[PDB]
**Student:** 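First, the structure itself, so that you have it in front of you.
Residue numbering restarts at 1 for every chain, and letters A, B, ... go by the order of the sequence lines. The basis for the numbers below is simple: all heavy atoms, side chains too, and nothing from hydrogens, waters or symmetry mates.
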Amino acid sequence: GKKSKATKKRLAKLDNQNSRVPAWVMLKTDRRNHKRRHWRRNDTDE
Amino acid sequence: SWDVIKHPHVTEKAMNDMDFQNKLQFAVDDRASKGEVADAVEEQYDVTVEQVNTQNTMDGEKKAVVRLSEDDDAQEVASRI
Amino acid sequence: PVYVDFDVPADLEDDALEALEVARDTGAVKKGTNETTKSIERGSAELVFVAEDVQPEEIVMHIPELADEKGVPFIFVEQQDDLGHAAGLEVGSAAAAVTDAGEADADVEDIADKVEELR
Amino acid sequence: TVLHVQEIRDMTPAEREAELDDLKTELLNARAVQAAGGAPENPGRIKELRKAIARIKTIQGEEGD
Amino acid sequence: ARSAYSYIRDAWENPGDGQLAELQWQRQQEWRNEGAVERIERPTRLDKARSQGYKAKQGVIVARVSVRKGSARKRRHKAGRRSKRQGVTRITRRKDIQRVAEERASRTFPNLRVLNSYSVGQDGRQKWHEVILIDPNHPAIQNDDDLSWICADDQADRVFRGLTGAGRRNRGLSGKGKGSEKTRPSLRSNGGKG
Amino acid sequence: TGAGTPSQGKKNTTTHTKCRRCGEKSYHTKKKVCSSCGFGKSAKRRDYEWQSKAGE
RNA sequence: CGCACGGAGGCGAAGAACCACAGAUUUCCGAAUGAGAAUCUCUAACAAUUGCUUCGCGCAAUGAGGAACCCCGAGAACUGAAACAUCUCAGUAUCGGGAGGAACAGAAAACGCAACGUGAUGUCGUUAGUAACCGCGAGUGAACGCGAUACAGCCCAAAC
RNA sequence: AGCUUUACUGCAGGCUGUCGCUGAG
Ligand SMILES: [Cl-]
Ligand SMILES: [Cl-]
Ligand SMILES: [K+]
Ligand SMILES: [Mg+2]
Ligand SMILES: [Mg+2]
Ligand SMILES: [Mg+2]
Ligand SMILES: [Mg+2]
Ligand SMILES: [Mg+2]
Ligand SMILES: [Mg+2]
Ligand SMILES: [Mg+2]
Ligand SMILES: [Mg+2]
Ligand SMILES: [Mg+2]
Ligand SMILES: [Mg+2]
Ligand code: NA
Ligand code: NA
Ligand code: NA
Ligand code: NA
Ligand code: NA
Ligand code: NA
Ligand code: NA
Ligand code: NA
Ligand code: NA
Ligand code: NA
Ligand code: NA
């Protein structure tokens, strides 16, 4: 498929959102990303 | 108002282009053309830009690979910052 | 057009308008259909003017027959702004009436006669 | 902090613009050093550099430049 | 004495007789070739227009509108319906043609507001009404003690809410007594039974 | 050919996409109309009374 | 130095944090309005429809939203009648158009306790399940008046 | 509920008269 510049930005963001909760936030809050998406198991929009 | 140059894209591959091809890589604003990236660079570093190659990265930012003239030396330029 | 039963020769219309101009400066005139209509009804009308380029025509249709059953003479004018101008207005005028001319009583008289003859 | 409101207002239009371009450059070089993962940072200032620029720009607006 | 206007009025009491008759037989020929909404420089029925609020002034507009004659243009049911609700031919709309005309006009002039309207005849298949509209934003009107009322915000889209004269009549609000139990203060507050 | 699993294999066509107006993945890229907000069909936002219980 | 209690660092007696009012900034798409487009792109823009008009987009208007309420239009069926067609469900559900902080109504071609009487309009209580409707079946169903709330009365067309 | 028909009742549609558009001898 041929992705446009806008689609690319969105995919880009989705990839970034697909990261973990940094270790320090765990400490800073005396102690989970409910939006973890797998390329295979999940399905993005568009 | 948005600025053209965001910051230097420093990575191993960026170094090779710098040490071996007199090229500097930058993260630039995605609304910037090669020509604008060229000027901005010459102005911010006082050098002569020969060629500019761009790429819209999977990071949401636009990457520019800028080649300097033989007069200038990428390594030396990158060092002052 | 529907209320017009006879064509007034350009020259005649010229004379008529002339008399009108002197009528305002020497005697008295009424400008506007409402005022004209009241002259014919009150009898104080000597000669009434009606434009032929009026739209809607209902505005004037009643003049012809009204004037007849009052003996009051009437003449047609092609333009509407020409009659309005003659009466001395900056705007046009659908109809006007010479309420007692002035140093034109002679002319008006002949014009009234010239028209009767024009049937 | 290091730069105050008065000091900015006591400047001349041309002094603010010059000070602006200065700050921008410092900012750009702070970001560059961060791009290289350079640790000689001082996180408190890169944060300040942005507020300063905001202030200078804000005053230019107020002063009609 | 009679006003000149009274003659226009007296002629329109019988649009099928006299000069007016010949006038209509002629105009309608041009009318049938004009469009749905035609702005006109002067009211065809001066007495009526002025009587309804008209004024030779800036911001006062007039447009003739033609609407088809007859009952509702209805589509037969495409699902189950009891005999009572299976009609098509005899169903008529609850809004009269004059009201349809006032609305089509107002939509043509989005910035204007309907002041009133009056009939100017009909041929075998359509009716024409002349609608008087007002520019609520023109200072010539904002400063007119007789019309500035139509400038208030609550007069926006008045025709679409039936605040027009033909609207209120069609809403059965004419009578103030017997027969208006389900009409005043509004059809909707009365459960829509008017 | 079974209308089930075997007919699921040809489904590689893109229709509903992220909508420029409402952000929902309902913009039919072939019809150029959003099934959710009406973008491309209506200037007004798509909305119906049946989207909730009658007395609410 | 947000939720957010880490690490590093910073800001605050030049009175910060924080709160109130006011102002600055305010990307792209979006009524979306130069044109096109799944939020991007292409070469000056009130697109479109109107009013005024210096007849030039010069000055203006409209568009879309909003919890429901409000006004004007379109308008079912399940159901009840122990079947069912009128009737009923119901002018309900749902649909089209539109206003405002409230809408709508409103100063009698009224009422008609018939009077030597009342006196704009909403609304509340009542009048009353009365009058009236109805395969005179099932069902449907007011008003005048009265007691209250709140009160407010005016402008044109024409004559001259 | 789908279907049928000289089942009951209706509704589109076609045909036809009449009125309007519609006038002169
Ligand atoms: Cl309106
Ligand atoms: Cl009483
Ligand atoms: K039923
Ligand atoms: Mg990654
Ligand atoms: Mg490329
Ligand atoms: Mg199947
Ligand atoms: Mg656009
Ligand atoms: Mg039953
Ligand atoms: Mg109400
Ligand atoms: Mg029974
Ligand atoms: Mg009922
Ligand atoms: Mg009563
Ligand atoms: Mg059955
Ligand atoms: Na996937
Ligand atoms: Na970056
Ligand atoms: Na309008
Ligand atoms: Na009724
Ligand atoms: Na803001
Ligand atoms: Na505009
Ligand atoms: Na213009
Ligand atoms: Na039953
Ligand atoms: Na049954
Ligand atoms: Na019944
Ligand atoms: Na079946």
**Student:** Do me a favour and sort the pucker of G:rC55 into north or south by its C1'-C2'-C3'-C4' torsion.
**Tutor:** south
**Student:** Suppose we call a contact any N or O donor and acceptor under 3.5 Å apart; does that hold for the side chain of E:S3 and the base of G:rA158?
**Tutor:** no
**Student:** Over 60° means perpendicular and under 30° means parallel, so tell me whether F:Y27 and F:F39 are parallel, tilted or perpendicular.
**Tutor:** tilted
**Student:** Cation-pi check, E:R2 to E:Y7: give yes when NZ or CZ is under 6.0 Å from the six-membered ring centre and within 45° of the ring axis, no otherwise.
**Tutor:** yes
**Student:** Could you tell me whether B:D29 and B:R31 have a side-chain N and a carboxylate O separated by less than 4.0 Å?
**Tutor:** yes
**Student:** OP1, OP2 of G:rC156 versus side-chain N and O of E:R50: anything below 4.0 Å?
**Tutor:** no
**Student:** Contact class for F:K18 vs. all strands (heavy atom < 4.0 Å): base, sugar-phosphate, or nothing?
**Tutor:** base
**Student:** For G:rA64, does OP1 or OP2 lie under 4.0 Å from any side-chain N or O of F:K44?
**Tutor:** yes
**Student:** Counting side-chain heavy atoms from C-beta on, which of G:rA77, G:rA105, G:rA143 comes nearest to E:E181?
**Tutor:** G:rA143
**Student:** Under 4.0 Å, counting only non-hydrogen atoms across every strand here, what does A:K3 touch: a base, just sugar-phosphate, or nothing?
**Tutor:** nothing
**Student:** Does a side-chain N-to-carboxylate-O contact under 4.0 Å join D:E19 and D:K57?
**Tutor:** no
**Student:** Could you check whether E:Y54 gets within reach of a base, just the sugar-phosphate, or nothing at all, counting any heavy atom under 4.0 Å?
**Tutor:** nothing
**Student:** May I ask you to decide whether C:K70 forms a salt bridge with C:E41, counting only side-chain N to carboxylate O separations under 4.0 Å?
**Tutor:** no
**Student:** Are G:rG117 and G:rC111 a pair by Watson-Crick or G-U wobble criteria, both distances short of 3.5 Å?
**Tutor:** yes
**Student:** I'd like to know if E:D146 pairs up with E:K55 as an ion pair, taking the criterion as any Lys NZ or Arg NE/NH1/NH2 lying under 4.0 Å from an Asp or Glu carboxylate oxygen.
**Tutor:** yes
**Student:** Want to settle it: does E:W25 or E:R76 sit nearer the 5' end of RNA chain H, counting the closest nucleotide to each?
**Tutor:** E:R76
**Student:** For E:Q126 and E:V67, indicate whether the former's side chain and the latter's backbone hold a donor-acceptor pair under 3.5 Å.
**Tutor:** no
**Student:** For the side chain to side chain contact (heavy atoms under 4.5 Å, CB included) test, which of C:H62, C:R42, C:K30 pairs with C:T37?
**Tutor:** C:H62
**Student:** Could you say whether the aromatic ring of A:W24 and the base of G:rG6 stack, counting only centre distances under 5.5 Å and plane angles under 30°?
**Tutor:** yes
**Student:** Do the side-chain N or O atoms of A:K8 get closer than 4.0 angstrom to the phosphate oxygens (OP1, OP2) of G:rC40?
**Tutor:** no
**Student:** Measuring to OP1 and OP2 of G:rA64, would you say a side-chain N or O of F:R45 lies under 4.0 angstrom away?
**Tutor:** no
**Student:** Heavy atoms only, 4.0 Å cut-off, all strands: where does F:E49 land among base, sugar-phosphate and nothing?
**Tutor:** sugar-phosphate
**Student:** Inspect the six-membered rings of G:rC136 and G:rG137 and say whether their centres lie under 5.5 Å apart and their planes under 30° apart.
**Tutor:** no
**Student:** Could you check which of G:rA105, G:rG51, G:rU94 has an atom nearest any side-chain atom of F:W50?
**Tutor:** G:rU94
**Student:** Taking only the side-chain heavy atoms of E:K84 (C-beta and beyond), determine which of G:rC87, G:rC52, H:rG10 contains the nearest atom.
**Tutor:** G:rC87
**Student:** Does a side-chain N or O of E:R39 approach OP1 or OP2 of G:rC52 to a distance below 4.0 Å, or not?
**Tutor:** yes
**Student:** Under 3.5 Å for both contacts, Watson-Crick or G-U wobble geometry: does that describe G:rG58 with G:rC52?
**Tutor:** yes
**Student:** If you compare every side-chain N and O of E:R99 against the phosphate oxygens of G:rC72 (OP1, OP2), does one of them come in below 4.0 Å?
**Tutor:** no
**Student:** Do G:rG125 and G:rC146 make a Watson-Crick or G-U wobble pair, both distances under 3.5 Å?
**Tutor:** yes
**Student:** Counting only Watson-Crick or G-U wobble geometry with both distances under 3.5 Å, does G:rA17 pair with G:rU92?
**Tutor:** no
**Student:** Given the structure, is G:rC124 a Watson-Crick or G-U wobble partner of G:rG23 (both distances under 3.5 Å)?
**Tutor:** no
**Student:** Give one of base, sugar-phosphate or nothing for E:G177, where a contact means two heavy atoms less than 4.0 Å apart.
**Tutor:** sugar-phosphate
**Student:** Look at all strands and tell whether E:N116 reaches a base, only sugar-phosphate, or nothing, counting heavy atoms closer than 4.0 Å.
**Tutor:** nothing
**Student:** Using a 3.5 Å limit on both distances, is G:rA8 in a Watson-Crick or G-U wobble pair with G:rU53?
**Tutor:** no
**Student:** In terms of base orientation, is G:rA132 syn or anti, with the syn window spanning 90° either side of 0?
**Tutor:** anti
**Student:** Out of G:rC71, G:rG97, G:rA120, which has the shortest distance to the side chain of E:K176?
**Tutor:** G:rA120
**Student:** Taking E:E130 first and then E:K48, would you say they form a salt bridge - that is, a charged N and a carboxylate O separated by under 4.0 Å?
**Tutor:** no
**Student:** Is D:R9 salt-bridged to D:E62, going by a charged N under 4.0 Å from an acidic O?
**Tutor:** yes
**Student:** For G:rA148 and G:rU123, is it a pair or not, if I count Watson-Crick and G-U wobble only and require both distances under 3.5 Å?
**Tutor:** yes
**Student:** Tell me whether G:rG56 is paired to G:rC11 (Watson-Crick: purine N1 to pyrimidine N3 plus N6-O4 or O6-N4; or G-U wobble; cut-off 3.5 Å).
**Tutor:** no
**Student:** If you take the six-membered rings of G:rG56 and G:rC57, are their centres closer than 5.5 Å and their planes within less than 30° of each other?
**Tutor:** no
**Student:** Using a 4.0 Å heavy-atom cut-off, does E:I61 contact any base of the nucleic acid, only the sugar-phosphate backbone, or nothing at all?
**Tutor:** sugar-phosphate
**Student:** State which of G:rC40, G:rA77, G:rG9 makes the closest approach to the side chain of D:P43.
**Tutor:** G:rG9
**Student:** For E:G87 and for E:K69, locate the closest nucleotide of RNA chain H by heavy-atom distance; then report the residue assigned to the nucleotide nearer the 5' terminus.
**Tutor:** E:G87
**Student:** Glycosidic conformation of G:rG7, syn or anti, with 90° from 0 as the boundary?
**Tutor:** anti
**Student:** Answer yes or no: are the six-membered ring centres of G:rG75 and G:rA76 under 5.5 Å apart with planes under 30°?
**Tutor:** no
**Student:** Kindly say if C:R42 contacts the phosphate of G:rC160, meaning a side-chain N or O under 4.0 Å from OP1 or OP2.
**Tutor:** yes
**Student:** Does E:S83 put a side-chain nitrogen or oxygen below 4.0 Å from OP1 or OP2 of G:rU86?
**Tutor:** yes
**Student:** Where does H:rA7 land, syn or anti, given syn is within 90° of 0?
**Tutor:** anti
**Student:** Report the nucleotide, chosen from G:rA143, G:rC5, G:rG91, that has the shortest atom-to-atom distance to any side-chain atom of E:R94.
**Tutor:** G:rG91
**Student:** Base, sugar-phosphate, or nothing for E:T89, non-hydrogen atoms under 4.0 angstrom?
**Tutor:** sugar-phosphate
**Student:** Between G:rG122, G:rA38, H:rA12, which nucleotide has the shortest distance from any of its atoms to the side chain of F:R20?
**Tutor:** G:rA38
**Student:** Is E:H138 stacked on the base of G:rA60, meaning ring centres closer than 5.5 Å and planes within 30 degrees of each other?
**Tutor:** no
**Student:** Between G:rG75, G:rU94, G:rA143, spot the one nearest the side chain of E:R93, thanks.
**Tutor:** G:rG75
**Student:** Is E:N170 touching bases, backbone alone, or none of the nucleic acid, heavy atoms closer than 4.0 Å?
**Tutor:** sugar-phosphate
**Student:** Does a side-chain N or O of E:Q155 approach OP1 or OP2 of G:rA99 to a distance below 4.0 Å, or not?
**Tutor:** no
**Student:** If we require both distances under 3.5 Å, is G:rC42 with G:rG34 a Watson-Crick or G-U wobble pair?
**Tutor:** yes
**Student:** Between G:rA67 and G:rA68, is the six-membered ring centre distance under 5.5 Å and the plane-to-plane angle under 30°?
**Tutor:** yes
**Student:** Do NZ/NE/NH1/NH2 and the carboxylate oxygens of C:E35 and C:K31 come within less than 4.0 Å?
**Tutor:** no
**Student:** Can you figure out which of G:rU123, G:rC160, G:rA142 approaches the side chain of E:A1 most closely?
**Tutor:** G:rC160
**Student:** Taking the purine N1 to pyrimidine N3 distance and the second Watson-Crick contact, or the two G-U wobble contacts, each under 3.5 Å, tell whether G:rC84 pairs with G:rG135.
**Tutor:** yes
**Student:** Which of these nucleotides, G:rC87, G:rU41, G:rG98, is closest to any side-chain atom of E:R82?
**Tutor:** G:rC87
**Student:** Confirm or reject stacking between G:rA115 and G:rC116, applying the criteria of under 5.5 Å between six-membered ring centres and under 30° between their planes.
**Tutor:** no
**Student:** With nearest nucleotide decided by heavy atoms, which residue, E:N111 or F:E24, maps closer to the 5′ end of RNA chain G?
**Tutor:** F:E24
**Student:** If you assign each of E:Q52 and E:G167 to its closest nucleotide in RNA chain G, which residue comes earlier from the 5' end?
**Tutor:** E:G167
